[PDB]
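*Asks:* below: the sequence, then the experimentally determined structure.
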Amino acid sequence: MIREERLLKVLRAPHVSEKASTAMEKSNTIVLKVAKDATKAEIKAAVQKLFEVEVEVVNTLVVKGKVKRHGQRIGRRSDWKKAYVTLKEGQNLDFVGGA
Amino acid sequence: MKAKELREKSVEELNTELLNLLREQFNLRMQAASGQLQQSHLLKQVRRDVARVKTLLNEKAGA
Amino acid sequence: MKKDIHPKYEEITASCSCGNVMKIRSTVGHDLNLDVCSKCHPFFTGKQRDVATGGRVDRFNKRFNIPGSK
Amino acid sequence: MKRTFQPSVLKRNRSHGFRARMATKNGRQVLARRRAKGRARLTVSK
Amino acid sequence: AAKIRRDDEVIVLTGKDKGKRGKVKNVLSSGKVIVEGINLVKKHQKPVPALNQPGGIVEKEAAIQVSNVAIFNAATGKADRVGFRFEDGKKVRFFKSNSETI
RNA sequence: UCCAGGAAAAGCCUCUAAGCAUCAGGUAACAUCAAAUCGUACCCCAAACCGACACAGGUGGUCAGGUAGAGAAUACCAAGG
RNA sequence: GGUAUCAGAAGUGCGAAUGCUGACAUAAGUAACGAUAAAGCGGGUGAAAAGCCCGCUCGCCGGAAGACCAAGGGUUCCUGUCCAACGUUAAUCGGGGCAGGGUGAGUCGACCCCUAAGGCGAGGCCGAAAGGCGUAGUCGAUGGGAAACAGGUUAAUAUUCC
RNA sequence: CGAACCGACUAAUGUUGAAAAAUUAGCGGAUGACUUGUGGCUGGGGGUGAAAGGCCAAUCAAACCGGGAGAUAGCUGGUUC
RNA sequence: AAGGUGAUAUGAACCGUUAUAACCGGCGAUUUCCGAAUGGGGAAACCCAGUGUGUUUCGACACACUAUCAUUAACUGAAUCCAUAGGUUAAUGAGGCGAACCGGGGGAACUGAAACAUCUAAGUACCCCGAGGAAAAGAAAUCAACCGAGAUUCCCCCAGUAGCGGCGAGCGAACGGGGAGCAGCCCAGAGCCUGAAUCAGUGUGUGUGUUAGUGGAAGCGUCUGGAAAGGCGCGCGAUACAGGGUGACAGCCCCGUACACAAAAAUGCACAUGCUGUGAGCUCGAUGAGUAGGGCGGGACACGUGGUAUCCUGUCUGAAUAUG
């Protein structure tokens, strides 16, 4: 494929947030703590080879940490990158381990 | 097994040595089950050898 | 500033008057150009006096065999 | 009334501070005397 | 530095208990010598806010400097400040100034 | 209508040069693929901004209901606060 | 931890310099609690309610004291919690503390094409050095270039999700 | 003529203020040498100035910051058992 | 080398005990984005392209190169035959940081003179350029005084002397002497001979340092006290009683300690070497012109034009050439 890129680890970690399970109509989607820079296309393909599910579309964004914490008074942000990404209907979680 | 082993394998096959083993970071590490009791953390305890391999390949450059 | 063949100057000095001025003096020499080389023909160097008179006892050639070489 | 300030990032570079410092003998000098002399965490641009 | 490894049966010196047995210990390179003959009855709160609010008022350690009765074979102390030779490849521990390696 | 006589460049349309020379390109119809990456929360005539303050001050633009009224005045009210 | 003695060397002795730093007085439990758009009551919760939640009244603003956005701010947003410090009082309450959660785009914006003022500027012209000016050219919006609406929905997102 | 908007003629209050120039009631301009957002250009003996030595970040008969610097002080103060 | 996964906190999950677990030292591998930042731009850590690549489910991912100057090389190449100007490519190299000392270009004022212009402060502050491990200076167109010394530099004297100076304030030498250190050589050119000493960059070796380390002595008792290193009794080491630490002050408890050993590798300096370039040595020659002087204006010499020598000069002139 044109797997030549970084399809290796563009995706990682779920989210099990409040949005989880609440965000399931015609198509369960997802979250994934996707790497800060995985783009949409790469994400679409990430779930292709792995998870073996059919992705319709991707979205993603950023969300930023922020907090003071220090030996006295400094502390800083953290940064992330959410990613909904939709799948389909005719294919459920199937043989897998939810969590 | 892993760790400094076949350090001469010119007929190398370092590929997909990462992802295939991604089970943890990729899967397991999600919630609960990345080895919770019997055998938890592996990555930095052993699967961190990814350097050794890519390092070697990087060394076996003058071939 | 130039007088290429020879160094130049532009060094400062104090221009005293009747006893004293702690002022400053400087910029000297001058310029000119368009010097016909017996060879092909003139590139215009901006020499000045002491530079112009130098191109005489000397050459025009050796007077240039430096602004090239070195 | 108008208290002499009024912020505007864009108006914080060539016009003042920021990275413009790297465009002048003194400008670049500031960085040395600032960082080096008395290590500053500094921050200039944000 | 300490060389005194685990199971190393030493004796108490310097003070407090003193003249006591104690062996093994849990000293470590730049670490601590639990031994066995150094520990007064102490206490634990209920750190774990959970069902198992325990305690631990029994047993614990009493660091104390590595400066304890050197291993000792016959009487006491008997400094081990000597070095064996041509044995092992890593080390070559010797022993008290009485005999040779032990 | 007047005198004080009122940006620029690109996209856009068009004309040809070199070049092309059954080709490529051009126009239209539809079929399909692509449209990446950042921002997006909340305050915003103010308790989140400029004034040391949960400061009777300062801060650009947008929207513009009813009765009365010349009215974005003013008074009483809607939605709302 | 200190140091007779005789000797040696001093950052060698404070009450003031509208001296410098810190701590504590005094006035004094005095003034003041920030727009004169005042609020009353019944429940709830709670150790305690004039102030918080619910309800009915009452009053105030309404070219706004409403709504939206830019600038700037940079989690202040929503939920749960806790009340030391912070709120000019009390505080169960908050823009406070600690946790979590929360901003989803081919059509909105920035990137991006284009250029304004102006900036920079190959070579170049100048100038003790630093450096100044400027041709090609390259940046620079506050301006010109392409395309979406109406319902619905979240505790919090929305011409982004359906 | 008169709202917005721009400005400040008068009085009271404030003067350890709500406020390091404002609040209240009046007041002047309000299609113009008008008013305002964004960004740009002029630098200290220098700028800008419908001119007051006005303005150049609560600083201006020569800005702020660092340096020469422990300037100089025939003056004032203080000087310890 | 028996432990160990840096710290504020364990804890979890673990790696190790013999010899590739730690940990220390050497050489490497990797080393995102920004920053001389160098592909172009840019409010620094962001944005956009060209041209090549591999794996390619063979659109792509990222990767890699592409700044500007200078030297040389070759190729192209205007007005104009030529030739240049210009252009392209390529290999070298620079570029930026850097504390002080050092050379150099530019250069104050407060201050003092009990005012202030000469004068001082001071060629200090500062700003700019450059280079080294030191830099700079340096083998007499030096000085001396009829005797002689013999490159530069740094130290003590000569001396607060001579002298300069509104002869004010103040500035302030040298000859000569005592020392640290101590060497002189090249081109200005041909021939003979002819790769010879001398250096420079480099691969190597040896010495001796730098980067981990190894061994390293000799104390019991009883007393007081929570605790002994302290009291008291006796005993031993000492080329070690520097010091630190240990539950009160220890030579003999621990780290050390004098002393005695030690380096795969990597480098500093030395010597030695090979390679490359350099060029020794003998003979006979040659012997630094816009220069020395000088007129004008200045600056530097302790020396403020003074009677002012000498040095550098902006500006204008301008010689002899070693019986010079």
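*Replies:* That came through fine. Numbers count the residues shown, from 1 in each chain, chains lettered A, B, ... in the order given.

*Asks:* burial count for residue A:47?
*Replies:* A total of 20 residues lie near residue A:47 under the criterion other Cβ atoms under 10 Å in any protein chain shown. Placement of C-beta: from N, CA and C, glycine included.

*Asks:* contact partners for it?
*Replies:* If a contact means Cβ atoms under 8 Å, 6 or more residues apart in numbering or on different chains, then residue A:47 has A:11, A:30, A:53, A:55, A:85, A:87 as its contacts.

*Asks:* center of chain A - which residue?
*Replies:* residue A:32 (2.1 Å; Cα atoms, centre = their mean).

*Asks:* of the contacts of residue A:47, closest to RNA strand G?
*Replies:* Closest approach to RNA strand G among the contacts of residue A:47 (Cβ to the nearest atom of the strand): residue A:85, at 7.8 Å.

*Asks:* not counting sequence-adjacent ones, nearest residue to that closest one?
*Replies:* residue A:58 (4.4 Å; Cβ to Cβ, 6 or more residues apart in numbering or on different chains).

*Asks:* so how far is RNA strand F from the residue in chain A sticking out farthest from the centre?
*Replies:* The C-alpha centroid of chain A is most remote from residue A:72, which lies 35.1 Å away (Cα atoms, centre = their mean). According to Cβ to the nearest atom of the strand, to the nearest Å, residue A:72 and RNA strand F sit 21 Å apart.

*Asks:* list the residues that contact residue E:83.
*Replies:* Residues near residue E:83 by Cβ under 8 Å, 6+ apart: E:92, E:94.

*Asks:* hey, what's it bridged with?
*Replies:* residue E:93 (DSSP bridges).

*Asks:* could you measure from it over to RNA strand F?
*Replies:* Taking Cβ to the nearest atom of the strand, one finds residue E:83 at 63 Å from RNA strand F.

*Asks:* same check on residue A:71?
*Replies:* Distance from residue A:71 to RNA strand F, by Cβ to the nearest atom of the strand: 26 Å.

*Asks:* got it, and residue D:36?
*Replies:* 30 Å.

*Asks:* can you list the residues of chain A near chain B?
*Replies:* Chain A comes close to chain B at residues A:8, A:9, A:11, A:12, A:13, A:14, A:16, A:50, A:97, A:99, as judged by Cβ under 8 Å from any Cβ of the partner chain.

*Asks:* drop anything exposed from the residues you listed.
*Replies:* With burial judged by 16 or more other Cβ atoms under 10 Å in any protein chain shown, the buried subset of the residues of chain A next to chain B is A:11, A:12, A:14.

*Asks:* tell me the one of these nearest residue E:33?
*Replies:* If you rank these by distance to residue E:33 using Cβ to Cβ, residue A:12 comes first, at 44.8 Å.

*Asks:* check contacts around that closest one.
*Replies:* When contacts are counted by Cβ under 8 Å, 6+ apart, residue A:12 touches A:32, A:33, A:34, A:35, B:25, B:26, B:29.

*Asks:* of the contacts of residue A:47, closest to residue D:8?
*Replies:* Using Cβ to Cβ, the shortest approach to residue D:8 within the contacts of residue A:47 belongs to residue A:85, at 38.6 Å.

*Asks:* quick check: the closest one vs RNA strand H, distance?
*Replies:* 39 Å.

*Asks:* burial measure for that residue, as a count.
*Replies:* Using other Cβ under 10 Å as the criterion, residue A:85 is surrounded by 23 other residues.

*Asks:* same check on residue B:27?
*Replies:* 17.

*Asks:* would you verify that it is located in a strand?
*Replies:* No - using DSSP: H, G, I helix; E, B strand; the rest coil, the assignment for residue B:27 is helix, not a strand.

*Asks:* OK, now which residue of chain E is nearest to RNA strand G?
*Replies:* Nearest residue of chain E to RNA strand G, counting by Cβ to the nearest atom of the strand: residue E:49, 13.8 Å away.

*Asks:* where's that residue, which helix or strand?
*Replies:* Using DSSP states H and E, residue E:49 sits within no helix or strand.

*Asks:* what separates it from chain B, distance-wise?
*Replies:* Here residue E:49 is placed at a distance of 22 Å from chain B (Cβ to the nearest Cβ, to the nearest Å).

*Asks:* you'd agree residue C:14 is up against residue C:25?
*Replies:* Yes - in this structure, residue C:14 is within contact of residue C:25 by Cβ atoms under 8 Å, at 6.9 Å.

*Asks:* tell me the phi and psi of residue C:43?
*Replies:* phi -110, psi 140 (degrees, to the nearest 10).

*Asks:* mind listing the helices for chain A?
*Replies:* A:41-49 (DSSP state H).

*Asks:* residues from it in reach of RNA strand I?
*Replies:* Near RNA strand I, the residues belonging to chain A are A:1, A:2, A:3, A:4, A:5, A:6, A:49, A:71 when assessed by Cβ under 7 Å from any atom of the strand.

*Asks:* over to chain B?
*Replies:* Counting by Cβ under 7 Å from any atom of the strand, the residues of chain B near RNA strand I are B:4, B:35, B:37-42, B:45-46, B:51, B:55, B:58-59.

*Asks:* can you rerun that using 6 Å?
*Replies:* Residues of chain B that fall close to RNA strand I, judged by Cβ under 6 Å from any atom of the strand: B:37, B:39, B:40, B:41, B:45, B:55, B:58.

*Asks:* in strands only, show me those.
*Replies:* Applying DSSP state E to these, no entry is found in strands.

*Asks:* and these as JSON lines, adding distance to residue C:10 and neighbour count?
*Replies:* JSON lines is the format used below for the residues of chain B next to RNA strand I (distance: Cβ to Cβ, whole Å; neighbours: other Cβ atoms under 10 Å in any protein chain shown):
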{"residue": "B:37", "distance to residue C:10": "86", "neighbour count": "5"}
{"residue": "B:39", "distance to residue C:10": "82", "neighbour count": "9"}
{"residue": "B:40", "distance to residue C:10": "79", "neighbour count": "12"}
{"residue": "B:41", "distance to residue C:10": "75", "neighbour count": "12"}
{"residue": "B:45", "distance to residue C:10": "74", "neighbour count": "9"}
{"residue": "B:55", "distance to residue C:10": "62", "neighbour count": "11"}
{"residue": "B:58", "distance to residue C:10": "59", "neighbour count": "9"}
